[PDB]
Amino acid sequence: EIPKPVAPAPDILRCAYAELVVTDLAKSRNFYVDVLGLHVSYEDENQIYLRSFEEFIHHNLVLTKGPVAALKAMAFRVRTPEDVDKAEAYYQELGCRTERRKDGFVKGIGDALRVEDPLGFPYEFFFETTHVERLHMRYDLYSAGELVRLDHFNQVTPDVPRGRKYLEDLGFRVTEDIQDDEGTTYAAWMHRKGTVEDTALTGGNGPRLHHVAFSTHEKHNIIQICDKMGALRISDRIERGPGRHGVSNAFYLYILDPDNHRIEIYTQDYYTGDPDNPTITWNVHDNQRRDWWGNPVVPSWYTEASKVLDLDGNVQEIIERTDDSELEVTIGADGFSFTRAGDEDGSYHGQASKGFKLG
């Protein structure tokens, strides 16, 4: 169990950007710019800096060329310059390695702290950032599939309660979770900015990065991404969806970048900013918890996720989950799911919903 420091936690505002290492920068650019329509803040031979339609900070996504595709940093913006100092002190007390750069790790970020957190994830905390033209009313640029915000990250980690307690001490509040009747936690969602999530924990081998999520204004915008991917004959890069979530109540889609980094497109979750916001716990065997319409969760969604780097740029070693596997208990050979609690009708034994089994 990760102890609560004496030092005060940094005041985190929100998730702000991710730095992803990619193997072919031009292929990646084609995906995030030509397919997804993200706005280029800066680019050169080594990096692409991208932002969403409504962003005023320099970027929400940095693509960095490197030999091994991986998450290099998931970056949170903090409330003041002094909060970056607080972050350094807090993580030092946790016994974590930290690196401080007064002039930033990436362009358009100033004083920044990166840490190898207790779950092995590379986090950044910063305040200073270059403001850019906020494109929120540039409807001359607006795409039929326009990505308007960065919304959240999702992390794969083998011990969800351990992580959850650490994120609670850092000031994140859990909005929803998935548990069973035998004491196992499979997933949790937690926030700072008053939406369902800024980060989320998914039970599995880790540290790995599950996805980064961007939002759209309306559901039809998500449908358009799917439609465009069909027209580009890259529908094989739609992993799962589109759907309605149980957890979060958002309409959603998961797609895969050229290095298999998973991106979620999301819209219309709900307000969580009250401190006693009712926490919602779903049972892992409820077949409406992940897709509210009951559609089956594709097995790659549970098994595949991105490598993460340490501060030297080396891939973090994976620690195997020993708690029960959500895949196995729901759609594997001994799995079970229900539509209506206690009703045998609409239940699934040892296979997925809608007449499918695991490939």
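Note that residue numbering begins at 1 and tracks the sequence as displayed.
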As the entry reports it, the stretch among 211-219 and 120-128 with higher mean C-alpha B factor is 120-128
Comparing mean C-alpha B factor in the record for 131-139 and 164-172, the higher one is 164-172
From the list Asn287, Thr279, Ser235, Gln179, select the residue with the highest C-alpha B factor recorded in the entry.
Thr279
Identity of residue with top Cα B-factor, from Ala333, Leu36, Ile57, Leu63
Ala333
Please place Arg101 in the lowest, middle or highest third of its chain according to the CA B-factor in the PDB entry.
highest
The third of the chain into which the C-alpha temperature factor of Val247 falls is the middle
B-factor third for the C-alpha atom of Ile265 within its chain
lowest
What third of its chain's C-alpha B-factors does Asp44 belong to: lowest, middle or highest?
highest
When the deposited Cα B-factors of this chain's modelled residues are ordered and cut into thirds, is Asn295 in the lowest, the middle or the highest one?
lowest
